[PDB]
Amino acid sequence: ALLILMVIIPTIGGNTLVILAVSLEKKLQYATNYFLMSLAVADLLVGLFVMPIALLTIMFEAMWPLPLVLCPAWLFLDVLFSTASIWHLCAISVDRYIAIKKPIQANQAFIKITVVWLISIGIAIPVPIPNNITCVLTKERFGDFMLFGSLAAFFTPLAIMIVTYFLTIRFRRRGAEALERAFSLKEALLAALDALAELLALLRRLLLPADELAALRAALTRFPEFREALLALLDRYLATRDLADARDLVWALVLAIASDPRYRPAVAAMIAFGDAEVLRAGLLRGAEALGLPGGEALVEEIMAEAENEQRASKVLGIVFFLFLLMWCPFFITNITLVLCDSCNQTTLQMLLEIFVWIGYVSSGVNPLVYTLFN
Ligand SMILES: CN1Cc2cc(Cl)ccc2-n2c(nnc2[C@H]2CC[C@@H](Oc3ccccn3)CC2)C1
């Protein structure tokens with residue numbers, strides 16, 4: 001009977017590998033990777049404080065053979081660790097959404113980790129509040145908890161998590177499409193790129209502006225990296241009366257925007273979704289139009305950065321999908337036995353025993369996803 005005894009080691013090993021890699025290599029200390037280390041330590045703590053004695057309870061026939069002092073402490077630890085594990089993914093999703101949506105100050109982590117850990121602690125507080133002790137957390141004494149704690153641990157995070165998770169993808173998709181149409185060789189490119197990015201409307205104004213030319217020149221001077229190449233391209237486009245001149249002007253402007261460290265993460269995220277070939281062709285056309293002899297080494301850097309954003313999204317989606325596939329049955333049945341009229345208690349309690357053990361296996365699979373997708 002070594003089936004579950006051995007599984008403990010992969011969980012702890014994968015969690016401690018994530019603990020060490022983020023704090024040692026220094027090549028992977030991105031903003032989200034700090035949340036990954038908190039999730040890793042949370043899943044490492046369940047390896048030594050949840051799995052061993054819970055599986056030892058099997059030999060005791062659901063009885064507590066240890067000192068009775070720590071039993072409420074153990075239940076508190078279990079609830080705290082599950083809540084932290086879910087809320088860390090929730091925090092990752094909401095952080096990604098808020099960073100992509102409003103990168104003005106994000107571009108220019110311990111506090112967020114403390115916030116989520118304190119929230120989980122304040123979620124798990126009520127648990128401390130002849131015959132022998134039997135820690136099974138009976139539905140009678142812990143009645144309101146089985147509903148409220150389950151709602152606050154699974155349903156409350158899963159609502160926002162799903163939305164925030166997609167909210168980020170939405171922005172990428174918005175750009176992807178807008179950018180593909182901008183590289184499709186009509187003045188519909190700007191009308192969509194304006195909403196995709198959020199100066200952009202000034203380009204559609206050009207396709208004209210008698211007094212907005214000063215503002216346009218000021219905006220062009222607002223990008224020092226492109227310097228006066230953008231201004232020269234704008235003057236040429238004004239002289240050449242749009243046609244292909246406006247096309248290479250907007251291509252150069254998009255390349256310069258992707259060059260700015262303010263919009264670079266968002267634009268790389270949008271590029272992550274899409275054919276990734278038409279976008280490269282358009283960016284290369286912009287680089288050629290912009291002069292900029294080092295342009296190729298920059299557009300290739302942009303495309304390399306875009307792949308990174310994409311890679312992350314994939315590794316994240318999988319983890320989330322697993323979380324949803326594995327934890328959901330347990331929390332679904334944990335509400336069924338609270339509200340019933342003829343449901344046999346044994347028939348629902350048998351499935352809860354396997355379902356609670358199923359949810360904890362997700363601790364040892366998140367590092368596996370990273371290792372496989374690295
Ligand atoms: C005998 N034991 C089975 C059990 C085994 C293992 Cl290995 C872990 C936990 C339990 N076990 C028991 N009773 N409870 C639990 C926990 C703790 C409460 C949790 O409920 C939650 C969890 C998070 C948020 C809200 N409620 C269900 C899992 C009875």
# chains A, B, ... in the order shown; residues from 1 in each chain; ligands from 1
>>> residues_around(residues="stretch 152-165 of chain A", least_positions_apart="6", cutoff="12 Å", atoms="only C-alpha atoms", output="PyMOL selection string")
chain A and resi 79-101+116+119-124+145-146+171-172+313-314+316-317+319-321+323-332+334-335+359
>>> residues_around(residues="residue A:339", least_positions_apart="2", cutoff="12 Å", atoms="only C-alpha atoms", output="list in words")
residues 139, 143, 144, 146, 147, 332, 333, 334, 335, 336, 337, 341, 342, 343, 344, 345 and 348 of chain A
>>> residues_near_ligand(ligand="ligand 1", cutoff="7 Å", atoms="only C-alpha atoms and all ligand atoms", output="tab-separated table (two decimals) with C-alpha atoms, in the first residue's frame")
chain	number	residue	atom	x	y	z
A	50	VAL	CA	-1.65	17.83	6.40
A	51	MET	CA	-0.87	14.69	4.39
A	54	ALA	CA	-4.28	12.64	7.78
A	55	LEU	CA	-3.11	9.41	6.14
A	62	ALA	CA	-10.90	7.99	11.59
A	75	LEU	CA	-8.30	21.48	11.51
A	78	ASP	CA	-6.09	22.39	7.01
A	79	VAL	CA	-8.69	25.10	6.40
A	82	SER	CA	-6.74	25.13	1.47
A	83	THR	CA	-7.99	28.73	1.58
A	135	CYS	CA	-11.70	14.73	14.74
A	136	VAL	CA	-14.13	14.39	11.84
A	137	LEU	CA	-15.69	17.87	12.10
A	145	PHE	CA	-19.05	26.60	8.80
A	146	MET	CA	-19.61	23.85	6.22
A	149	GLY	CA	-16.36	28.65	4.87
A	150	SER	CA	-16.93	26.60	1.72
A	153	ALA	CA	-12.99	29.48	0.18
A	353	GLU	CA	-13.79	11.11	1.96
A	356	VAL	CA	-11.28	15.76	0.17
A	357	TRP	CA	-8.18	13.69	-0.60
>>> residues_around(residues="residue A:366", least_positions_apart="3", cutoff="12 Å", atoms="only C-alpha atoms", output="ChimeraX atom specification")
/A:10-18,36-37,39-44,85,89,315-323,360-363,369-373
>>> select_by_dssp(residues="stretch 163-336 of chain A", states="helix (DSSP H, G or I)", output="PyMOL selection string")
chain A and resi 163-182+189-197+200-206+213-221+229-240+244-259+264-272+278-289+295-336
>>> residues_around(residues="residue A:53", least_positions_apart="6", cutoff="10 Å", atoms="only C-alpha atoms", output="list in words")
residues 64, 65, 66 and 74 of chain A
>>> closest_atom_pairs(of="stretch 153-262 of chain A", to="stretch 271-292 of chain A", cutoff="7 Å", atoms="only C-alpha atoms", output="CSV")
residue,atom,partner,partner_atom,distance
A:172,CA,A:273,CA,6.0
A:173,CA,A:273,CA,6.1
A:176,CA,A:274,CA,5.3
A:180,CA,A:279,CA,6.5
A:183,CA,A:282,CA,5.4
A:229,CA,A:290,CA,5.8
A:230,CA,A:290,CA,6.8
A:248,CA,A:286,CA,5.8
A:251,CA,A:286,CA,4.4
A:252,CA,A:286,CA,4.2
A:255,CA,A:283,CA,6.0
>>> decode(residues="stretch 231-274 of chain A", atoms="N, CA and C atoms", output="CSV table (one decimal), in the first residue's frame")
chain,number,residue,atom,x,y,z
A,231,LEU,N,8.6,62.0,-36.3
A,231,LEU,CA,8.2,63.3,-36.9
A,231,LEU,C,8.5,63.3,-38.4
A,232,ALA,N,9.6,62.8,-38.8
A,232,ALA,CA,9.9,62.8,-40.3
A,232,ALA,C,8.9,61.9,-41.0
A,233,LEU,N,8.5,60.7,-40.5
A,233,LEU,CA,7.5,59.9,-41.1
A,233,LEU,C,6.2,60.6,-41.2
A,234,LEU,N,5.8,61.3,-40.1
A,234,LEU,CA,4.6,62.0,-40.1
A,234,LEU,C,4.6,63.1,-41.2
A,235,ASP,N,5.7,63.9,-41.3
A,235,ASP,CA,5.8,64.9,-42.3
A,235,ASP,C,5.7,64.3,-43.7
A,236,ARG,N,6.3,63.1,-44.0
A,236,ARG,CA,6.3,62.5,-45.2
A,236,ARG,C,4.8,62.0,-45.5
A,237,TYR,N,4.2,61.4,-44.5
A,237,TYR,CA,2.8,61.0,-44.7
A,237,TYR,C,1.9,62.1,-45.0
A,238,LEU,N,2.0,63.3,-44.4
A,238,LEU,CA,1.2,64.4,-44.7
A,238,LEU,C,1.5,64.9,-46.1
A,239,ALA,N,2.8,64.8,-46.6
A,239,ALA,CA,3.1,65.3,-47.9
A,239,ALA,C,2.5,64.3,-49.0
A,240,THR,N,2.6,63.0,-48.7
A,240,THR,CA,2.3,62.0,-49.6
A,240,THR,C,0.8,61.6,-49.7
A,241,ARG,N,0.0,62.3,-48.8
A,241,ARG,CA,-1.5,62.2,-48.9
A,241,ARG,C,-1.9,60.7,-48.6
A,242,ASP,N,-1.6,60.2,-47.4
A,242,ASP,CA,-2.0,58.9,-46.9
A,242,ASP,C,-1.6,57.8,-47.9
A,243,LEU,N,-2.5,57.0,-48.4
A,243,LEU,CA,-2.2,55.8,-49.2
A,243,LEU,C,-1.3,54.9,-48.4
A,244,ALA,N,-0.1,54.5,-48.9
A,244,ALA,CA,0.8,53.7,-48.2
A,244,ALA,C,1.6,54.5,-47.1
A,245,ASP,N,1.7,55.8,-47.3
A,245,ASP,CA,2.5,56.6,-46.4
A,245,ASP,C,1.8,56.6,-45.0
A,246,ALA,N,0.5,56.7,-44.9
A,246,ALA,CA,-0.2,56.6,-43.7
A,246,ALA,C,0.0,55.2,-43.1
A,247,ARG,N,0.0,54.1,-43.9
A,247,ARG,CA,0.2,52.8,-43.4
A,247,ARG,C,1.5,52.6,-42.8
A,248,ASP,N,2.6,53.1,-43.4
A,248,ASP,CA,3.9,52.9,-42.7
A,248,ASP,C,4.0,53.9,-41.6
A,249,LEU,N,3.3,55.0,-41.6
A,249,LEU,CA,3.3,55.9,-40.4
A,249,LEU,C,2.7,55.2,-39.2
A,250,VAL,N,1.5,54.6,-39.4
A,250,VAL,CA,0.9,53.9,-38.2
A,250,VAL,C,1.7,52.7,-37.8
A,251,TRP,N,2.4,52.0,-38.8
A,251,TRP,CA,3.2,50.9,-38.4
A,251,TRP,C,4.4,51.3,-37.6
A,252,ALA,N,5.0,52.4,-38.0
A,252,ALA,CA,6.1,53.0,-37.2
A,252,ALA,C,5.7,53.4,-35.8
A,253,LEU,N,4.5,54.1,-35.7
A,253,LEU,CA,4.0,54.5,-34.5
A,253,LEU,C,3.7,53.3,-33.5
A,254,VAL,N,3.2,52.2,-34.1
A,254,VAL,CA,2.9,51.0,-33.3
A,254,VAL,C,4.2,50.4,-32.8
A,255,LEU,N,5.2,50.4,-33.7
A,255,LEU,CA,6.5,49.8,-33.2
A,255,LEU,C,7.1,50.7,-32.1
A,256,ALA,N,7.0,52.0,-32.3
A,256,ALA,CA,7.5,52.9,-31.2
A,256,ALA,C,6.8,52.7,-29.9
A,257,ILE,N,5.5,52.6,-30.0
A,257,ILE,CA,4.7,52.3,-28.8
A,257,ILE,C,5.1,51.0,-28.1
A,258,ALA,N,5.3,50.0,-28.9
A,258,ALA,CA,5.8,48.7,-28.3
A,258,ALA,C,7.2,48.9,-27.8
A,259,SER,N,7.9,49.9,-28.3
A,259,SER,CA,9.3,50.1,-27.8
A,259,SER,C,9.2,50.8,-26.4
A,260,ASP,N,8.2,51.6,-26.2
A,260,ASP,CA,8.2,52.3,-24.9
A,260,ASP,C,8.0,51.4,-23.7
A,261,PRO,N,8.8,51.6,-22.6
A,261,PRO,CA,8.6,50.7,-21.5
A,261,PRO,C,7.3,50.8,-20.8
A,262,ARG,N,6.5,51.8,-21.1
A,262,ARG,CA,5.2,51.9,-20.5
A,262,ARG,C,4.2,51.0,-21.1
A,263,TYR,N,4.1,50.9,-22.4
A,263,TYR,CA,3.1,50.1,-23.1
A,263,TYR,C,3.7,48.7,-23.5
A,264,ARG,N,5.0,48.5,-23.2
A,264,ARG,CA,5.6,47.2,-23.7
A,264,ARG,C,4.9,46.0,-23.2
A,265,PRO,N,4.7,45.8,-21.9
A,265,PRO,CA,4.1,44.6,-21.4
A,265,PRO,C,2.7,44.4,-22.0
A,266,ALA,N,1.8,45.4,-22.1
A,266,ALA,CA,0.5,45.2,-22.6
A,266,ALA,C,0.5,44.9,-24.1
A,267,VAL,N,1.4,45.5,-24.9
A,267,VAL,CA,1.5,45.2,-26.3
A,267,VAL,C,2.0,43.8,-26.5
A,268,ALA,N,3.0,43.4,-25.8
A,268,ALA,CA,3.5,42.1,-25.9
A,268,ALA,C,2.4,41.1,-25.5
A,269,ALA,N,1.6,41.4,-24.5
A,269,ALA,CA,0.5,40.5,-24.2
A,269,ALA,C,-0.5,40.4,-25.3
A,270,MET,N,-0.9,41.5,-26.0
A,270,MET,CA,-1.8,41.4,-27.1
A,270,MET,C,-1.1,40.6,-28.3
A,271,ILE,N,0.1,40.8,-28.5
A,271,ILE,CA,0.8,40.1,-29.6
A,271,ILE,C,0.9,38.6,-29.2
A,272,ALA,N,0.9,38.2,-28.0
A,272,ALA,CA,0.9,36.8,-27.6
A,272,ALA,C,-0.2,36.1,-28.2
A,273,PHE,N,-1.4,36.7,-28.3
A,273,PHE,CA,-2.5,36.1,-29.1
A,273,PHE,C,-2.5,36.6,-30.5
A,274,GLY,N,-2.6,35.7,-31.5
A,274,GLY,CA,-2.6,36.1,-32.9
A,274,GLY,C,-1.7,35.2,-33.6
